[PDB]
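One structure is given below, encoded as structure tokens.
A note on names: the letters A, B, ... follow the listed sequences, proteins ahead of strands, and every chain is numbered from 1. Atom set for the values below is all heavy atoms of this structure, side chains included, hydrogens, waters and symmetry mates excluded.
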Amino acid sequence: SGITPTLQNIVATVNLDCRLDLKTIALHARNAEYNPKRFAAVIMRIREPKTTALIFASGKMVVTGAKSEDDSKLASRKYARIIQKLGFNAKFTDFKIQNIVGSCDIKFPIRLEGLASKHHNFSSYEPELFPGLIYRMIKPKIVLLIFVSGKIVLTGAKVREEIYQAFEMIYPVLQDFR
Amino acid sequence: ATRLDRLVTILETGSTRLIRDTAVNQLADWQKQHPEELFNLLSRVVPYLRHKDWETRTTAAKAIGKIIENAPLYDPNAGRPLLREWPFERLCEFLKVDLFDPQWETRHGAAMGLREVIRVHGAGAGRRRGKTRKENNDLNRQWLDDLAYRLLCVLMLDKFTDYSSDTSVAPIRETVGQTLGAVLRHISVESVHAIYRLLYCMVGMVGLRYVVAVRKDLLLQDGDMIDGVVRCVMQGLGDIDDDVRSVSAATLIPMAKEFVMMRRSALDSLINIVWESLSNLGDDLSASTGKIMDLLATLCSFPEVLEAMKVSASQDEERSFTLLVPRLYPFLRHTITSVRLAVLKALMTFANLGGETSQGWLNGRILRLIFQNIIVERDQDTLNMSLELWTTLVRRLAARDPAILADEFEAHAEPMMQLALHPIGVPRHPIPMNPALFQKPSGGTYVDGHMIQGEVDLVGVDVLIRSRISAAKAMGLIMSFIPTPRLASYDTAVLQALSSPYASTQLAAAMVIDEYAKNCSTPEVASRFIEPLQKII
DNA sequence: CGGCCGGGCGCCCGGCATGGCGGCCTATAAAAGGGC
DNA sequence: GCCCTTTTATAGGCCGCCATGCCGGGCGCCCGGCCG
């Protein structure tokens, strides 16, 4: 079993249940940028907890960058408050975490070629294109990028226990190859 | 290239703040030695006011102020919203013509520069050579009235705000308010009447912050022009929005001294409204309560306010400190860090009042709540302030009698000893504390779930260890103050902890023993803990 | 034997303009939500 | 394709540069001789 993963990113979606005039948000908030040619949302930011919000005209927003579930929820609530202050009748509704990313560093290098050869059905490896082995796991639906340095990053999770289970499942395989 | 070209560029490209400070000092001395060439420096420093960088604009404004300060004084006689001769006449006109520019940086620089120019040279403004003295004085009045009018129009149209932090910031409003404060020092009282009428007492508040706090000694006791501002502030305090509440609280705090001196009568209503607004548990995300408590601490620091508060509890104890200041206890565990820090600082200010009022609310309740704060805190500053408040409270309570401290905290000592000497687990297998040990601010049994559960993976092990050592320091101090015969439960608790199956509890027990030894009057008192430690090593 | 010998050839000059190594620079890879 | 966040990280192609020349024209060196 051994060491535990450290979460690095959490993505949450929350519906404010009201239409927003994006340019009015951009012109009033210092911490907002709007470029309709590049992207259809205003990119707001706050410094506690450090997070970014893609707030769309339809009332949905995507809050990213948090390191914990409580931080993500609190940041989403703060963004809803900020939209409320600008005059819109935004209401915090429909919160749901939709991605968690983790990272871990087991203390030994990995023989990626042998791992790819043995577990070819569940992995892909093109070292000319990307220096990391890609591993897709069916039971917890987690995708792991495995690197020769002994560092693994897990993605696609919707709960912390999913990345924990994925690391527990993958650790014996990495032990076998050095 | 001359020296001036390289000297001005330091204000933008300076490696450190001291280098830019030295640059502006050198430039001011240059103008002093060569008074004939102010315009050469001004034409090179002014273009920085519209630069995008914040620090460059601030430094350029300071440089303009210090350059202008050395020139002689002038005396030639003997609704579109804002979103994202007089020697300096063309400079001021260039600042005012882009004071309504769309870009907010230009407005920020224009306001700063106008403030800096008028701060030193407002008296001589607007006059023209060849005109008589009295007519030039009238022209100066017209100029200052025009500047105040334009600045107030800017204040009532700008809506640019920054929401990066909890406390929203309006840069253009703050700079324009400081510009009004600079302007209003030189005008006659008739223009002050005009400006007070223009900024009518309704709820602007940031405008009020500098429409008063200037010509202060003459506005005091000046009838309506000082009676209406207190009504406006009191209305703002009771308003719904957190923003206006925070702004009003920050506007009254620097003026609290003279607003207190204005009347003894107004103190009753003011403190009533402040305590009433603080009694209502504000919204979770509001930083306004910090400003409200800073206002409360400042108001209670003056002697006459203390006299008024003592007088207020005439027919009953409802308005006394003992019944009121527990209204601050709920905010100890507020989500925003500023509110928690404000609660602790206000409680420390109240504790250091003296005057025989502190003995009322000082009891085991606040001590246990502060110990819970020590255990469950994660922020360094709030933890430090909590431990400081704990030390001050214990010292004040031991000033009356050590027996009072010993038997006031006796009801709470054992659960807090359980919390202090609690173990720490591993990342995925926590060892949670019992929630029944924590009291509510207004309840017998219990936002801080992660620290209580002991989840090392979600809250780092450093935070848990730091909470343990802080609790050890607090409990060692409170052991040291209380008399020796009452320490039976304390000493047996730590002695049993020293033999626990856990590793963390033994560490905490040793820490508590060490802090108790350190805080004692002499080291010989704690000698009963000698042989268990020698058995440990 | 001492001293001037010719004598060869490696070095540098200069033009335009073509082909073969370059370093460096995205792009590569993974999840996901939203709207265009 | 387009964008936001996050930890991981390195090797193909693309745009350049860069030494390639090769005929006369000259200088300077050392490397072979000999002359009275």
Quiz prompt | Those residues that, when tested against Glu113(A), pass salt bridge (charged side-chain N to carboxylate O under 4.0 Å, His left out) (two or more places apart) | solution = none
Quiz item: So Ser1(A) and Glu168(A), side-chain hydrogen bond (donor to acceptor under 3.5 Å, both in side chains) or not? Walk me through it.
Solution: CA-CA 6 Å; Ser1(A) 298; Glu168(A) 291 291 342; 3.2 Å; yes
Quiz item: Which nucleotide of DNA chain C is the first, and which the last, in the 5' to 3' direction, to come under 4.0 Å of a heavy atom belonging to chain A?
Solution: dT28(C) to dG35(C)
Quiz item: If the P atom of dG25(D) is compared with that of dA17(C), how far apart are they to the nearest Å?
Solution: 24 Å
Quiz prompt | By salt bridge (charged side-chain N to carboxylate O under 4.0 Å, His left out) - contacts of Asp294(B) (at least two apart) | solution = none
Exercise. Could you pull out all residues at least two apart from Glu161(A) that satisfy salt bridge (charged side-chain N to carboxylate O under 4.0 Å, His left out)?
Key: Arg428(B)
Under 3.5 Å between N/O atoms: give me all the protein pairs with nucleotides 9-15 of chain D, atom names plus distance.
none

Quiz item: Which parts of residues 167-178 of chain A get close to DNA chain D, meaning a heavy atom less than 4.0 angstrom away?
Solution: none
Self-check item: All ring pair (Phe, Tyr, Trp, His ring centres under 6.0 Å) counterparts of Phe88(A), not counting sequence neighbours
Solution: none
Quiz prompt | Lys118(A): partners by side chain to side chain donor-acceptor pair (under 3.5 Å), with sequence neighbours left out | solution = none
Quiz item: Taking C1'-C2'-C3'-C4' as the guide, is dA31(C) a north (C3'-endo side) or a south (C2'-endo side) sugar?
Solution: north
Quiz item: If you look only at pairs with a residue in residues 119-128 of chain A, which of them pass as a side chain to side chain donor-acceptor pair (under 3.5 Å), with sequence neighbours excluded?
Solution: none
Quiz item: Mind checking the P distance from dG23(C) to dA9(D)? Whole angstroms is fine.
Solution: 25 Å
Quiz item: DNA chain C: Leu145(A) or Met61(A), which has the more 5' nearest nucleotide?
Solution: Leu145(A)
Quiz item: When rounded to the nearest Å, what value does the distance between P atoms of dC17(D) and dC25(C) take?
Solution: 15 Å
Heteroatom pairs (N/O) under 3.5 angstrom, protein to nucleotides 3-7 of chain D:
residue : atom : partner  : partner atom : Å
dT5(D)  : OP1  : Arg45(A) : NH1          : 2.6
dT5(D)  : OP1  : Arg45(A) : NH2          : 3.0
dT5(D)  : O4'  : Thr64(A) : OG1          : 3.1
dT5(D)  : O2   : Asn9(A)  : ND2          : 2.6
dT6(D)  : OP1  : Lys50(A) : NZ           : 2.9

Self-check item: Contacts of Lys107(A) that satisfy salt bridge (charged side-chain N to carboxylate O under 4.0 Å, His left out) - sequence neighbours left out
Solution: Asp105(A)
Practice problem: In whole angstrom, give me the gap between the P atoms of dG8(C) and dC23(D). | Solution: 22 Å
Exercise. Scan residues 77-87 of chain A against DNA chain C and write down, sorted by residue number, each residue with any heavy atom closer than 4.0 Å; if none is found, say none.
Key: none
Self-check item: Side-chain (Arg107(B)) to main-chain (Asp101(B)) donor-acceptor, under 3.5 angstrom
Solution: yes
